[PDB]
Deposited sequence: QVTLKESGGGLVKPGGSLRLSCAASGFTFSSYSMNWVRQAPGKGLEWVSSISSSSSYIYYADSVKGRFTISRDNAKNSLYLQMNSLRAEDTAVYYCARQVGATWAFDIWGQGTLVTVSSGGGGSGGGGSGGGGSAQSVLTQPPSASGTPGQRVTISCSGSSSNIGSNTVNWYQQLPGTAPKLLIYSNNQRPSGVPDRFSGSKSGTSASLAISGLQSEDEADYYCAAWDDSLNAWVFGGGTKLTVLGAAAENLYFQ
């Protein structure tokens, strides 16, 4: 079983410190780049930090620079996040995610850990449809992100961790139905669901690497509602 499991979350006071751990199983950890992605309650995904296989290349989001330190111990299959000078703005579920070497997609995600301290790509906030209908979700970027690099799409069902839906603009991983499709044109990208199903009611996020920011940029997310959907698509 290929898995990631985050640890170390909890309640901390502003100005405090907390260390997160991420335990990797079922794969050769030392051959993959790893990332931390967080999500404030009721809000979108925000990339935090990334570290290459041998720790030679490290990157941070502007909002955590100087306060957060990412590290890894390949001998323990572990990824760490040292968080100092914690602010209320850092409250979020923190996810550990594995990056594919050939595509840079985040193919494996942990369940997340809650830290309680007490958008460069754009997407419509909502989208809706009846079952069987075709819906489209756009993702707007610019020269240094979508215009220079590939786009990835993630799907997050309510109460679940995000899952890889599309990679390299239009490629589907195993386990993703052919009803989902993606496209990239200029600095824009789009996700199409051809024949809405009950299970498609989820939040959808686009993401791309930004050459100017040297950061991963996530879209604000689109909440997809399936009006009049039946449990497991069985209409009685």
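Coordinate coverage of the deposited sequence breaks at 119-136, 255, these segments carrying no C-alpha atoms.
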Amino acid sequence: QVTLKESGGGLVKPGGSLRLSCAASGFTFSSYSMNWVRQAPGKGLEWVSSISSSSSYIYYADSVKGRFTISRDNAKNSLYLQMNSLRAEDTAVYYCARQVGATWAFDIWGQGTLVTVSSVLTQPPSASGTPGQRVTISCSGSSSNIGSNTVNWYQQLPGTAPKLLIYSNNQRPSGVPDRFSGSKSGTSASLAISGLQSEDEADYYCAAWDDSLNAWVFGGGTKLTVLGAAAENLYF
From here on, numbers count along this sequence of modelled residues.
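Of the two segments examined, 95-103 and 155-163, it is 155-163 that shows the higher average Cα temperature factor in the deposited entry. Per-stretch averaging of Cα B factors for 173-181 and 49-57 places 173-181 on top. Highest CA B-factor among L79, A127, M83, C139, as stated in the entry: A127. Comparing the C-alpha B-factors of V120, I108, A75, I146 in the entry, the top value falls on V120.
When all modelled residues of the chain are sorted by CA temperature factor, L20 is found within the lowest third.
In the deposited entry, the Cα temperature factor of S194 sits in the top third of values across the chain's modelled residues. Ranked within its chain, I70 lands in the lowest third, by CA B factor from the PDB record.
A202 sits in the highest third of its chain by CA B factor, as recorded in the PDB entry. In this PDB entry, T113 carries a Cα temperature factor that places it within the middle third of its chain's modelled residues.
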